[PDB]
Amino acid sequence: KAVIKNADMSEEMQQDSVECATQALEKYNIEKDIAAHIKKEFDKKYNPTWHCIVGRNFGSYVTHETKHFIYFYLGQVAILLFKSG
Amino acid sequence: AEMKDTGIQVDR
């Protein structure tokens with residue numbers, strides 16, 4: 001049950017975020033590894049440089065390229081994926 | 001090229 005809280009990317013790039021995060025959740029138990037999976041995939045499919053944060057409790061402030069930002073809920077975790085550089 | 005500064009708070 002994905003829930004988009006704040007998206008800036010295209011409906012297509014947005015679908016790839018959810019899907020990609022889904023596979024990582026089906027595979028990894030540790031947030032850091034889930035974050036890595038998603039980051040590495042986006043660096044590949046959409047070129048560097050991306051950054052990913054996964055967790056249940058945190059606040060952040062970042063600088064990103066417009067149309068390249070997404071914050072959403074998947075499972076009981078929240079994912080912040082964005083490109084800068 | 002066209003940057004934005006965004007903050008997010010997570011408490012689920």
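Because only heavy atoms are used, hydrogens play no part in the values below, and waters and symmetry mates are left out as well, while side chains stay in. Residue numbering restarts at 1 for every chain, and letters A, B, ... go by the order of the sequence lines.
Taking the side chain as every heavy atom from C-beta outward, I79(A) and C52(A) approach each other to under 4.5 Å. By the 4.5 Å heavy-atom criterion applied to side chains, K4(B) and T63(A) are not counted as neighbours. Residues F72(A) and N6(A) have side chains not in contact (no heavy-atom distance under 4.5 Å, counting atoms from C-beta outward). The shortest distance between side-chain heavy atoms of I8(B) and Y61(A) does not fall below 4.5 Å.
The environment of CG in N29(A) is sparse: at most 12 heavy-atom neighbours from other residues, nucleotides or ligands sit within 6.0 Å. The number of heavy-atom neighbours closer than 6.0 Å to CD of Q9(B), taken from other residues, nucleotides and ligands shown, is above 12. Within 6.0 Å of atom CD in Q15(A), 12 or fewer heavy atoms from other residues, nucleotides or ligands are found, so the atom counts as exposed in its surroundings.
Of the possible donor and acceptor atoms, none in the side chain of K83(A) sits under 3.5 Å from a partner among the backbone N and O of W50(A). Proximity of a side-chain donor or acceptor of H37(A) to a complementary backbone N or O of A35(A) within less than 3.5 Å is not detected. The backbone N or O of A78(A) sits nowhere less than 3.5 Å from a side-chain atom of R56(A) that would complete a donor-acceptor pair.
In this structure, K67(A) and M13(A) approach most closely via the heavy-atom pair O-SD, 4.1 Å.
Here NZ of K39(A) is found 12.0 Å from CD1 of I53(A). Values are rounded to the nearest 0.5 Å.
Taking the side chain to side chain donor-acceptor pair (under 3.5 Å) definition, one finds that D8(A) meets it with nothing, sequence neighbours left out. For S10(A), the side chain to side chain donor-acceptor pair (under 3.5 Å) criterion is met by no residue, not counting sequence neighbours.
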(message) Using the rule given for side-chain contact (heavy atoms from CB on, under 4.5 Å), can you reason through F69(A) versus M9(A), listing the C-alpha separation, both sets of side-chain angles and the distance that settles it, and then say yes or no?
(response) CA-CA 6 Å; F69(A) 181 95; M9(A) 44 184 67; 5.7 Å; no
